[PDB]
Amino acid sequence: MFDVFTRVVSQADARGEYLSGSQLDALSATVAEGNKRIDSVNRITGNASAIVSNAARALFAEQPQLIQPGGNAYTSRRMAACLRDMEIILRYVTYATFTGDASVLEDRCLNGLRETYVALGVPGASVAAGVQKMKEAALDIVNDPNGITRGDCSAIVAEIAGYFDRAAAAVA
Amino acid sequence: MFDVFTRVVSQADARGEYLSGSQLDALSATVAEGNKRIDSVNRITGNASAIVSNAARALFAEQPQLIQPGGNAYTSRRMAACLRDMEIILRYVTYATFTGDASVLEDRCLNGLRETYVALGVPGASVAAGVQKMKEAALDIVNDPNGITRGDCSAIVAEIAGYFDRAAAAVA
Amino acid sequence: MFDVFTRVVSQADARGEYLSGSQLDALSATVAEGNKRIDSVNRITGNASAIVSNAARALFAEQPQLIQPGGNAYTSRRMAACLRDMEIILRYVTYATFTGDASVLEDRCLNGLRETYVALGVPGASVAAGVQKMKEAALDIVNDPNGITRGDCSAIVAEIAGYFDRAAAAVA
Amino acid sequence: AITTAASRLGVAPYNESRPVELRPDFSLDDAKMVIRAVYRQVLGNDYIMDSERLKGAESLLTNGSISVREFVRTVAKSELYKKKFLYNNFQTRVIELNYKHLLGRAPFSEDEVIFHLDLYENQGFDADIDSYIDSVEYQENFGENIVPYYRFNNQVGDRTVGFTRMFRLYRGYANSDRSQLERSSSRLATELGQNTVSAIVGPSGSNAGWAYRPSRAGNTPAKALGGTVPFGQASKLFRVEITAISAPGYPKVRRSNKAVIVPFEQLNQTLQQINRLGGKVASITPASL
Amino acid sequence: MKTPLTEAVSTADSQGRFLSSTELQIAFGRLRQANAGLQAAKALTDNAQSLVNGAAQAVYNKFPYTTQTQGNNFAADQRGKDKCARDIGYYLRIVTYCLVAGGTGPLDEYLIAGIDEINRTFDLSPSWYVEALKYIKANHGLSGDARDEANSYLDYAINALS
Amino acid sequence: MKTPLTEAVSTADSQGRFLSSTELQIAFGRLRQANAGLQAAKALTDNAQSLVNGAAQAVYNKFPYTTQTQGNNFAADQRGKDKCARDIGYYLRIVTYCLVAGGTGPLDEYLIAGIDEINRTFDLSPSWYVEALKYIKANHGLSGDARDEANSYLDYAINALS
Amino acid sequence: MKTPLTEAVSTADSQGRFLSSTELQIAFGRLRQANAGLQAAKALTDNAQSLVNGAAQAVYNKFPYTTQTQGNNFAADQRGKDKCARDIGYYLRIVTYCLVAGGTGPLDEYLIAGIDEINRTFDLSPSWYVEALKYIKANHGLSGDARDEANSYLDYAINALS
Amino acid sequence: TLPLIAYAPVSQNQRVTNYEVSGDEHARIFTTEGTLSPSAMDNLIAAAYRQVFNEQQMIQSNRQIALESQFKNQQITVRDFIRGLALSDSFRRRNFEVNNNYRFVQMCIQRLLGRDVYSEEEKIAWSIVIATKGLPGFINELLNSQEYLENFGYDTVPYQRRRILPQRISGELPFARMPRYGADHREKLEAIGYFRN
Ligand SMILES: *[C@H](C)[C@H]1/C(=C/c2[nH]c(/C=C3N=C(/C=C4\NC(=O)C(CC)=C4C)C(C)=C\3CCC(=O)O)c(CCC(=O)O)c2C)NC(=O)[C@@H]1C
Ligand SMILES: *[C@H](C)[C@H]1/C(=C/c2[nH]c(/C=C3N=C(/C=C4\NC(=O)C(CC)=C4C)C(C)=C\3CCC(=O)O)c(CCC(=O)O)c2C)NC(=O)[C@@H]1C
Ligand SMILES: *[C@H](C)[C@H]1/C(=C/c2[nH]c(/C=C3N=C(/C=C4\NC(=O)C(CC)=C4C)C(C)=C\3CCC(=O)O)c(CCC(=O)O)c2C)NC(=O)[C@@H]1C
Ligand SMILES: CCC1=C(C)/C(=C/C2=NC(=C\c3[nH]c(/C=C4\NC(=O)[C@H](C)[C@H]4CC)c(C)c3CCC(=O)O)/C(CCC(=O)O)=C2C)NC1=O
Ligand SMILES: CCC1=C(C)/C(=C/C2=NC(=C\c3[nH]c(/C=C4\NC(=O)[C@H](C)[C@H]4CC)c(C)c3CCC(=O)O)/C(CCC(=O)O)=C2C)NC1=O
Ligand SMILES: CCC1=C(C)/C(=C/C2=NC(=C\c3[nH]c(/C=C4\NC(=O)[C@H](C)[C@H]4CC)c(C)c3CCC(=O)O)/C(CCC(=O)O)=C2C)NC1=O
Ligand SMILES: CCC1=C(C)/C(=C/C2=NC(=C\c3[nH]c(/C=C4\NC(=O)[C@H](C)[C@H]4CC)c(C)c3CCC(=O)O)/C(CCC(=O)O)=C2C)NC1=O
Ligand SMILES: CCC1=C(C)/C(=C/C2=NC(=C\c3[nH]c(/C=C4\NC(=O)[C@H](C)[C@H]4CC)c(C)c3CCC(=O)O)/C(CCC(=O)O)=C2C)NC1=O
Ligand SMILES: CCC1=C(C)/C(=C/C2=NC(=C\c3[nH]c(/C=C4\NC(=O)[C@H](C)[C@H]4CC)c(C)c3CCC(=O)O)/C(CCC(=O)O)=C2C)NC1=O
Ligand SMILES: CCC1=C(C)/C(=C/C2=NC(=C\c3[nH]c(/C=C4\NC(=O)[C@H](C)[C@H]4CC)c(C)c3CCC(=O)O)/C(CCC(=O)O)=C2C)NC1=O
């Protein structure tokens with residue numbers, strides 16, 4: 001995989017030049033952003049079970065056809081698999097937030113997930129709605145001002161939202 | 001394609017042998033069952049729209065997660081394609097019943113249909129369920145004693161059930 | 001195209017009326033000599049190659065300028081095309097005999113064939129003479145009493161003669 | 001190794017992942033990580049619930065009563081493995097599944113399927129599973145203490161058919177063997193009987209044309225027999241594998257996946273017609289020389 | 001129009017070959033069905049006026065809103081009832097034409113072609129004509145081969161509208 | 001192949017339609033003459049050895065140069081006589097296949113397609129096979145429904161060779 | 001390429017759990033030394049051409065036979081000197097990539113794994129590249145946090161070649 | 001090159017939407033998208049021959065043996081087989097050499113697009129496509145044409161389109177009627193010394 005540093009490293013090595021000053025200043029700005037990035041990772045990790053359970057509640061509230069006898073999330077095994085899917089998508093979203101590049105998300109989390117969902121008959125639009133609900137919960141929890149030092153964090157919030165959007169788009 | 005006669009003809013030509021008396025007697029029995037075969041074809045053809053409509057209604061009743069938005073039979077274009085697919089599969093089942101062999105059904109309908117459905121994201125398990133609903137509708141209409149001369153027609157019903165099972169097994 | 005049934009259906013729909021008793025009795029009569037119609041079609045189809053070869057041979061016997069160097073049938077390719085024209089005209093006469101109506105003969109064979117033979121430089125009088133020789137060959141073959149159930153067949157013979165005369169008049 | 005196409009083919013999460021080996025005096029988390037790696041590999045990334053967790057074999061591995069090889073053997077003998085892979089599959093599918101799980105590679109030739117199916121019918125499933133475990137390849141790759149792993153990289157004594165058939169079996173890191181496009185159909189019956197190789201199509205996400213599967217009949221062959229001659233003036237010919245054509249409709253489009261051989265001069269047009277159609281190009285292979 | 005004879009020729013024409021014994025067996029089935037079709041059409045021609053009036057009354061019975069709501073597409077006034085009686089007359093006449101022809105060709109080239117956009121731009125429900133064809137299928141009184149081959153056209157037009 | 005059932009299904013599939021009463025009449029004629037085709041095929045199967053030997057002898061009687069001139073394509077030696085008997089057995093077996101099937105499809109897939117390249121490559125005159133088929137016509141012994149059905153395939157192979 | 005962030009994510013994925021406080025400390029160590037790594041990479045980027053030329057001359061002084069005898073593996077001609085300058089530029093650029101990344105991942109995925117087949121196949125002595133990396137060690141001019149981090153990658157490339 | 005000069009479309013039956021059930025006078029779809037018997041593949045090849053070369057040039061010397069063999073193996077699509085029939089030597093000599101560019105454009109539009117030319121202006125517009133790009137360039141333009149595709153696509157033998165309207169005994173004249181050459185090549189063959197008595 002790649003993080004925010006090794007993505008630029010791999011691009012420079014494929015081009016075969018040293019990093020210019022603008023790339024090093026952008027990486028220094030990423031380093032300054034890193035404390036807020038680690039705060040975002042810590043907050044989503046600390047509220048992960050609540051995010052997954054509340055997003056599952058909202059998803060099976062507004063789409064009750066999934067839990068109906070015969071639905072994709074019906075049966076303890078299929079529901080437990082759906083909850084583990086929500087947990088793993090949230091976990092790889094935190095992984096992509098931690099790295100600063102999404103390469104872990106396409107290389108591991110979305111690498112054949114659409115094949116899995118098409119093969120099993122999993123409705124990928126329902127999974128996209130679930131990832132939307134985890135995005136709403138995670139962006140509400142990261143941007144919470146209580147118990148943390150103040151400062152603008154719109155960049156890491158937009159980056160987490162982009163990770164969630166490309167996670168939901170790979171299955172929809 | 002093949003019918004019930006040219007299947008035996010092709011087997012005899014691959015052997016390079018004249019047809020034996022057991023094969024002539026079996027084909028004469030097929031000729032005897034042919035009027036019941038034509039009755040079955042006529043009944044499924046005359047109730048094709050009712051079979052497709054009722055099977056779709058029962059399918060999206062017991063699996064309502066496909067007509068809800070984000071589902072695969074959601075939108076007019078998708079739902080029209082699903083009804084058309086049911087009509088096409090039923091039409092090729094009537095073709096295979098007419099020929100007395102599943103060559104036309106396997107080669108012009110079932111060949112690449114699972115591949116087409118997994119390429120388009122169509123859930124083939126749901127299409128297989130709809131094929132079973134068209135199966136139960138068609139074998140209920142064929143086995144109706146009303147308005148027809150009473151006689152034993154269980155071989156034709158089992159043969160139609162075999163073609164429907166071939167159609168259901170080739171979409172998932 | 002029309003047949004002996006759909007033609008009468010076409011004038012009935014043009015007048016917007018049901019068929020009378022006399023029209024249904026005439027159609028039942030056409031069903032009655034339908035067996036001799038199928039015999040006539042079978043005999044011309046079985047002896048089609050002999051009819052084409054013998055009539056072409058007699059035509060180029062009486063008209064040697066076609067097979068003389070420079071003639072319209074003067075090559076292996078142009079002779080093959082002329083024999084194909086004989087086969088095609090005979091095929092469409094059998095189609096008209098099969099239907100009981102020359103709508104397929106006037107539609108797919110005769111309309112525009114005169115201008116085609118004018119634009120090619122094909123002598124249409126020679127094609128009419130060859131079609132006439134096919135008429136005596138086919139009518140002698142149809143009226144063969146051997147190897148068939150005996151009965152009056154002058155109506156279907158006169159119908160074939162009318163089709164052949166209409167084919168000859170379309171090119172002359 | 002695999003570097004540039006590793007992200008596309010899904011090799012990269014296995015490229016940065018080292019083989020899991022249990023040390024002779026191993027810690028408890030080492031035993032738990034061998035347990036997790038065995039449940040991912042041998043059970044083929046299926047979700048494993050707590051009811052089917054096989055606590056006895058885990059407990060025997062945790063104190064060293066059995067080795068990693070014997071733990072892999074035990075979880076392959078188990079009813080969970082048989083109901084996942086054996087009882088609802090063709091025997092070729094079972095053979096290629098055991099090759100992917102226990103040996104981490106696709107079956108090479110037809111003779112391997114011959115040997116394993118004959119030994120199964122002669123001696124049953126457990127005897128066959130033992131034959132995968134008691135193979136010389138298993139000892140020179142994993143031995144006694146290493147969990148089996150997917151071997152995409154070239155080793156000593158492999159075949160290049162196994163590289164392509166590995167991606168016929170491996171369909172992504174986010175994917176299980178039960179959750180693939182051929183739901184229960186063996187992917188290598190026509191590849192091992194005919195000794196042929198289909199083009200490698202990568203998994204979802206990285207490859208837009210991930211969903212190309214060939215039909216059982218009416219498939220365009222890989223090599224252009226004929227060359228430029230049916231196409232007039234041409235230089236090179238390419239087989240394009242096209243996925244999910246649905247823009248005209250059923251009368252016009254009978255099959256979503258289409259494979260065609262097209263020249264250089266028709267390549268731009270072919271690409272353009274795929275784009276206009278909305279089709280997805282799976283792979284383009286040089287069909288001529 | 002679609003009919004065993006015409007279809008047999010069309011096949012032999014597209015393959016560019018003479019009428020084989022396949023085509024002759026097609027003609028034989030046409031011949032054995034044609035007498036039953038002609039007698040069925042004769043019976044329907046005899047029972048035509050009563051069947052059209054009964055079918056129109058059955059459509060008014062199941063759909064009474066056509067006889068009470070004002071509009072061009074409804075039969076509330078005399079012109080709508082005349083257009084409806086003409087519609088079931090057209091339906092029954094083309095069914096008799098299909099009986100005489102021995103195929104669905106009169107229905108295909110006379111009524112089934114373009115009936116959907118007719119029903120939607122003149123705001124005609126196809127279910128009215130479906131119920132009319134149910135009355136024709138219930139009150140035509142035929143038996144044997146004449147019954148089944150007439151019903152095959154009635155359900156063909158039913159499946160075309162529905 | 002070309003049989004009434006297969007051709008009816010292929011026609012209805014090309015026009016994208018269900019099996020109307022036209023195709024039902026196609027199958028009706030197929031059923032009407034299928035029994036006669038089967039028992040004609042059985043009669044030819046039982047009399048096949050005598051028919052092939054007599055047809056070979058009739059070809060050697062009409063064309064004696066095949067049994068006296070040296071050549072690979074001629075039946076002067078015993079190998080050429082075995083080849084001619086095998087060829088006439090092939091022709092008669094495909095005739096029985098066509099009688100069973102109900103159309104010239106076994107001929108079109110097994111004998112007609114590619115016989116010209118064989119006859120011009122291996123220097124086999126098609127008139128020999130025409131004379132063999134004329135002997136099979138003159139000596140099959142079938143009557144009525146079986147004779148006209150059998151001679152349709154006999155003449156179809158004759159017109160394909162001529 | 002291994003890096004504290006990527007190895008932390010790969011490890012926590014191997015246990016299949018969320019990023020605990022350990023990986024948060026991992027990224028905090030990455031943050032506290034990433035600025036010094038970027039500054040060292042910028043200094044090496046500015047001084048890279050002089051460093052590569054001086055390292056090439058240090059190899060040519062320690063190993064003068066590379067500039068004297070003929071051979072494809074030697075720098076006796078302009079082509080060999082260009083290859084040596086390109087190799088030392090590759091080594092220095094991958095060291096800058098390791099400084100930016102924060103680990104030996106660029107070295108492992110681009111230079112370290114596989115260099116033994118390079119040295120055996122193309123008859124290149126690893127002692128030449130060891131002397132080159134010793135020149136970058138002795139002449140990069142970094143201090144403190146930037147010096148110790150950059151010397152770690154130069155030693156690791158030296159340690160792999162030795 | 002140059003863009004084709006604009007030509008106005010003339011109303012033909014294929015321009016409007018077809019409100020028909022296929023039935024009797026439909027042109028049969030000869031398609032390879034369904035898996036076919038070798039006999040059905042042979043009738044499809046004969047249908048392509050009948051469309052491109054007409055009935056007359058269905059002789060053994062005009063059969064493209066290697067093209068047929070590659071088409072059976074599905075080395076090429078139906079459109080590429082139609083191209084190979086149009087690029088055939090027999091087609092070029094019999095049809096292209098005996099016609100000018102205008103009548104050959106009319107012939108190829110009728111036998112590939114399945115419709116007649118709109119006017120003389122369309123023949124004029126595609127005749128310079130012939131005159132610059134050769135016959136292969138012109139055929140390729142016609143076979144890559146959206147018309148050819150939206151009508152026949154890649155896997156269907158072309159057919160005359162909408163030749164006859166429903167419930168009509170007669171429609172437009174069939175494409176089979178058109179000869180290899182017009183009256184100009186007829187009178188040129190008469191002037192060189194043929195066809196006289
Ligand atoms: C109905 C129960 C389910 C369903 C169906 C659905 N199908 C499509 C699209 C296609 N279906 C086909 C199938 C065939 N090709 C053939 O050759 C044959 C036999 C001759 C068949 C049956 C094809 C080719 C397509 C794509 C082309 C087209 O649009 O017609 C769709 C549309 C998907 C899309 O638009 O991308 C749908 C919705 N969907 C369901 O949810 C039911 C389980
Ligand atoms: C016997 C009547 C006929 C016959 C058989 C024959 N079969 C094979 C080879 C295989 N058969 C199978 C079948 C199965 N695999 C499964 O998993 C199952 C269910 C559990 C079945 C039924 C397989 C997989 C093979 C391939 C392995 C092998 O080669 O043994 C052969 C040999 C194949 C070859 O040609 O090399 C043969 C001969 N052959 C006949 O002529 C009879 C009609
Ligand atoms: C004769 C020595 C042997 C034999 C031959 C046989 N071949 C085929 C079928 C095909 N052969 C080819 C080969 C080519 N087509 C080309 O265009 C070219 C180069 C221009 C080549 C080399 C192809 C493509 C086919 C399939 C397409 C077709 O049928 O034409 C068959 C038919 C097999 C079948 O059952 O379909 C046969 C019998 N068979 C023998 O037994 C001899 C050893
Ligand atoms: C067929 C196998 C199967 C089982 C067993 C099953 C159980 C199951 N019960 C659930 C919820 C629930 N179950 C309860 C049950 C109770 N609350 C109480 O106070 C009572 C004491 C008690 C009843 C005995 C409640 C309140 C919820 C909702 C939880 C929520 O929305 O957060 C959910 C969450 C999804 C949903 O809302 O539907 C599942 C999956 N689902 C299955 O598919
Ligand atoms: C191992 C567990 C651990 C963590 C995770 C951690 C994070 C951490 N976050 C910090 C800062 C910060 N964190 C934020 C984050 C935010 N501010 C906001 O108002 C938003 C709601 C939010 C974005 C989610 C900001 C703005 C700073 C100060 C700027 C910076 O230091 O980068 C600091 C600097 C010290 C401080 O001022 O508190 C630390 C150490 N320290 C630890 O020991
Ligand atoms: C062109 C339209 C047309 C059709 C389709 C047709 C079919 C047809 N079906 C027949 C018989 C029959 N049909 C059946 C069928 C059945 N019996 C049952 O109780 C089951 C519910 C059912 C199976 C679906 C049987 C048992 C016979 C009598 C045996 C036989 O003739 O084969 C007969 C023999 C004559 C008769 O006794 O009625 C005909 C002609 N005739 C026509 O004109
Ligand atoms: C399906 C209805 C139909 C028919 C029958 C028809 C006839 C027809 N005959 C042709 C040629 C021909 N037709 C003939 C026929 C003859 N030449 C003679 O001298 C004899 C008088 C006569 C034999 C009876 C010949 C020789 C040609 C070859 C002309 C040539 O290619 O130079 C051609 C042009 C050949 C081509 O384009 O490749 C057509 C279209 N067109 C149609 O649409
Ligand atoms: C599939 C092949 C096949 C065919 C073609 C066929 C035709 C056929 N022609 C018949 C009758 C007949 N065919 C003729 C025809 C003629 N009589 C003459 O003397 C004239 C020379 C000649 C006009 C060409 C007549 C007069 C009848 C009896 C009347 C009738 O049945 O319509 C019959 C009634 C059964 C019989 O008495 O033989 C059949 C089945 N049967 C088959 O199985
Ligand atoms: C037993 C027979 C056999 C063969 C032949 C074989 C070929 C082979 N070459 C590979 C890679 C490779 N091959 C090359 C080769 C080249 N790159 C270039 O630019 C040059 C044109 C060319 C040298 C002539 C490269 C660069 C890779 C690595 C690709 C990557 O990094 O992803 C791989 C990927 C697996 C791995 O490297 O471990 C295989 C399997 N494998 C086998 O088992
Ligand atoms: C790389 C990390 C990773 C991912 C992403 C992953 C996904 C994943 N989800 C699966 C199943 C599943 N996923 C779901 C999920 C859902 N069903 C619904 O209706 C909802 C919309 C949704 C939850 C929000 C279900 C129901 C199954 C089981 C399907 C079955 O067995 O029938 C499976 C099949 C194997 C198994 O059951 O364990 C995989 C591999 N696995 C992984 O290792």
Side-chain angles (χ1 to χ4, degrees), chain A residues 29-47 97-98 138-160, chain B residues 10-11 13-15, chain D residues 86-97 107 109-122 124-125 128 184-186 188-190 192-195 221 223-230, chain F residues 109-110 113-114 117 121, chain G residues 19-29 31-32, chain H residues 36-39 41-42 45 63-76 81 84:
Chain A
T30 300
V31 166
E33 182 66 26
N35 297 294
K36 308 168 266 186
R37 167 182 313 279
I38 288 163
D39 267 344
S40 307
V41 163
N42 183 38
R43 282 181 152 193
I44 304 169
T45 295
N47 289 278
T97 308
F98 187 85
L139 289 196
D140 264 346
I141 282 166
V142 169
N143 216 3
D144 193 50
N146 314 124
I148 205 160
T149 61
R150 293 294 293 153
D152 61 325
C153 303
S154 63
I156 193 66
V157 161
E159 182 185 329
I160 288 172
Chain B
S10 66
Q11 288 159 345
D13 188 67
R15 292 188 296 272
Chain D
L86 170 71
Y87 295 144
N88 283 2
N89 284 319
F90 197 59
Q91 203 46 62
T92 317
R93 175 73 186 136
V94 175
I95 280 160
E96 77 196 18
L97 272 166
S109 61
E110 179 73 20
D111 291 331
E112 296 179 6
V113 165
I114 297 171
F115 171 76
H116 282 293
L117 157 64
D118 272 10
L119 180 62
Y120 158 73
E121 187 56 33
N122 297 342
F125 179 78
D128 191 44
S184 295
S185 65
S186 65
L188 302 193
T190 187
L192 291 160
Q194 313 265 7
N195 209 25
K223 298 190 180 171
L225 171 74
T228 81
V229 193
Chain F
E109 200 203 332
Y110 301 146
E117 293 83 3
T121 300
Chain G
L19 294 174
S20 66
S21 86
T22 72
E23 295 93 0
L24 302 180
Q25 303 163 28
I26 290 181
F28 275 133
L31 287 184
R32 76 149 284 287
Chain H
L36 293 176
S37 284
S39 188
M41 185 64 73
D42 283 328
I45 286 173
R63 295 179 66 250
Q64 319 293 311
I65 310 296
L67 199 81
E68 283 178 36
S69 173
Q70 288 143 22
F71 183 63
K72 305 194 196 71
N73 191 180
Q74 214 176 353
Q75 299 285 334
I76 52 177
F81 186 79

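Only this structure's heavy atoms are used, side chains among them; waters, hydrogens and symmetry mates stay out. All ligand and atom numbering here is 1-based and tracks the order in the structure. Each chain gets a letter, A, B and so on, in the order its sequence line appears, and its residues count up from 1.
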Just by modelled atom types, is the H/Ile65 backbone N or O under 3.5 Å from a matching donor or acceptor in the H/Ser69 side chain?
no

side-chain hydrogen bond (donor to acceptor under 3.5 Å, both in side chains) against D/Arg93, all qualifying residues, sequence neighbours excluded:
D/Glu96

Mind checking whether D/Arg93 has a heavy atom under 4.0 Å from ligand 2?
no

Please list, in number order, the atoms of ligand 2 under 4.0 Å from a heavy atom of D/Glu110.
26 (C), 27 (C)

Between A/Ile44 and A/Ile141, is there a side-chain heavy-atom distance shorter than 4.5 Å?
no

Any protein heavy atom nearer than 4.0 Å to atom 35 (C) of ligand 5:
no

Separation of H/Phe71 CZ from H/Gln64 CD (nearest 0.5 Å):
13.5 Å

In the protein, which heavy atom is nearest to atom 16 (C) of ligand 5, and how far is it?
A/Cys153 SG, 3.4 Å

Is D/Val94 touching ligand 2 with its side chain, its backbone, both, or neither, if touching means heavy atoms under 4.0 Å apart?
neither

I need the atoms of ligand 2 closer than 4.0 Å to a non-hydrogen atom of D/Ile114, numbered in the order shown.
27 (C), 28 (C), 29 (O)

Atom 8 (C) of ligand 5 protein-contacted (non-hydrogen atom, under 4.0 angstrom)
yes

Do me a favour and list the nearest non-hydrogen protein atom to atom 29 (C) of ligand 5 with residue, atom name and distance?
A/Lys36 CG, 4.5 Å

Mind checking whether A/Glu33 and A/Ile156 have side chains closer than 4.5 Å, heavy atoms only?
yes

Where's the contact between A/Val142 and ligand 5, heavy-atom distance under 4.0 Å: side chain, backbone, both or neither?
both

Which residue holds the protein heavy atom closest to atom 2 (C) of ligand 5, what is that atom called, and what is the gap in Å?
G/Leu24 CD1, 4.2 Å

For a 4.5 angstrom cut-off between non-hydrogen side-chain atoms, does D/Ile95 reach D/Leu188?
no

Under 3.5 Å, N or O to N or O, is A/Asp152 touching ligand 5 that way?
no

Strictly under 4.0 Å, does any heavy atom of A/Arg43 approach an atom of ligand 5?
yes

Does ligand 5 have a heavy atom under 4.0 Å from the side chain of A/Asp144, from its backbone, from both, or from neither?
backbone

Quick one: side chain to side chain donor-acceptor pair (under 3.5 Å) pairs with a partner in residues 139-149 of chain A, sequence neighbours left out?
none

N or O contacts of ligand 3 with protein under 3.5 Å, please list pair by pair.
residue: ligand 3; atom: 15 (N); partner: H/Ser69; partner atom: OG; Å: 2.6
residue: ligand 3; atom: 17 (O); partner: H/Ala66; partner atom: O; Å: 3.3
residue: ligand 3; atom: 17 (O); partner: H/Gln70; partner atom: NE2; Å: 2.9
residue: ligand 3; atom: 30 (O); partner: H/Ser69; partner atom: OG; Å: 3.1
residue: ligand 3; atom: 30 (O); partner: H/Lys72; partner atom: NZ; Å: 3.4

Flag A/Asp39 as yes when one of its N or O atoms lies below 3.5 Å from any N or O atom of ligand 5, and as no otherwise.
yes

Can you find a protein heavy atom under 4.0 Å from atom 26 (C) of ligand 5?
yes

If the contact criterion is a heavy-atom separation under 4.0 Å, does A/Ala32 count as touching ligand 5?
yes

Nearest heavy atom to atom 11 (C) of ligand 5 wins, so pick from G/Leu31, A/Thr149, A/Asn143, A/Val31.
A/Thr149

Any donor-acceptor pair under 3.5 Å linking the side chain of A/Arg37 with the backbone of A/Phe98?
no

Criterion side chain to side chain contact (heavy atoms under 4.5 Å, CB included) against A/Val142, the qualifying member of A/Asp39, A/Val41, A/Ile160:
A/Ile160

Within this structure, what is the CG-CE distance for the pair H/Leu36 and H/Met41, rounded to the nearest 0.5 Å?
5.0 Å

Donor-acceptor under 3.5 Å (G/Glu23 side chain, G/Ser20 main chain)
yes

Cut-off 3.5 Å, no hydrogens considered: what does the side-chain donor-acceptor table look like for residues 113-121 of chain D, sequence neighbours left out?
residue: D/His116; atom: ND1; partner: D/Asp128; partner atom: OD1; Å: 2.7
residue: D/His116; atom: NE2; partner: D/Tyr99; partner atom: OH; Å: 3.0

Polar proximity ligand 5 side, A/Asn35 side, N/O cut 3.5 Å exclusive:
yes

Residue, atom and distance of the protein heavy atom nearest atom 43 (O) of ligand 5 read G/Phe28 CE1, 4.6 Å

